């Protein structure tokens, strides 16, 4: 293929996403070159293009220099090793891999470290495997590592139609918990068909009174939230059961630990940003995959629902997510 990389000239409009020409490089002695086959759009990246959330992680910028014209996209993806640095033993040409937080997976070729790659589950297609990394790693870290969901507990999952939400539903049910889901009105029927008993409208905070009624005022043990505008944070805090665990993956206008404690001192509050975690420790993703890989191997977890767009339609792929037309993941295939 003609090497390209997805870029923008400035912030504010999806239509300015552009496939910019790139040189083909060779890997240095401890690098690996991966030809990308499938790369999904993440909601953060929509916010990035629109100028709503500005990346500070330097890995998201060419040369580590922060500016719109240097911003790259693709916080996860899948592909095939096509060249290996001379001194690398861990990978070989033809290996199929998941890229862990590359930051530039919307590129024809990515050069990275061997420790930035994970073995793709062999029985999944590239597009199927492209649904896994960010959504499941986020949901697993929150539900398992932080909140420690137990069988029988009541777990409220907001925006359960989206990528993180769909992964969280699968994981919560794998852990034997009772899922309460919210989604937009026209997606409720879809989530009920997936087998969720309790599905409510996410587009107002009236779900809180509905949860109170369903639980006879007891509330829920765990909340997995990304909706931070309006009164969504305090309304969620108020429907936590005694000692409930509040997982927050939204990053705009979130409360501090002290603010949450003022309202409910018994609640355990778990805000986090996976991008920060990945940069902090490269063993973090490796240890999560040690737990998750076998679940995808066995079929205990399954790929998310997805919709494919070819690379030439990348603007429409981003718009599909912006307008929230989806269930699961939006996956872009490369030529």
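Numbering follows the first chain given and starts at 1.
Taking the mean C-alpha B-factor of each stretch as recorded, 133-141 and 183-191 are not equal, and the higher mean is that of 183-191. Checked against the record, the higher mean CA B factor of 206-214 and 232-240 lies with 206-214.
Ranking 88, 127, 159, 220 by Cα temperature factor from the entry places 88 first. Annotation for residue 37: CA B-factor lies in the lowest third of the chain's modelled residues. When the modelled residues of the chain are ordered by C-alpha B-factor, residue 333 sits in the middle third. In this PDB entry, residue 108 carries a Cα temperature factor that places it within the lowest third of its chain's modelled residues. Annotation for residue 46: CA B-factor lies in the middle third of the chain's modelled residues.
When all modelled residues of the chain are sorted by CA temperature factor, residue 60 is found within the lowest third.
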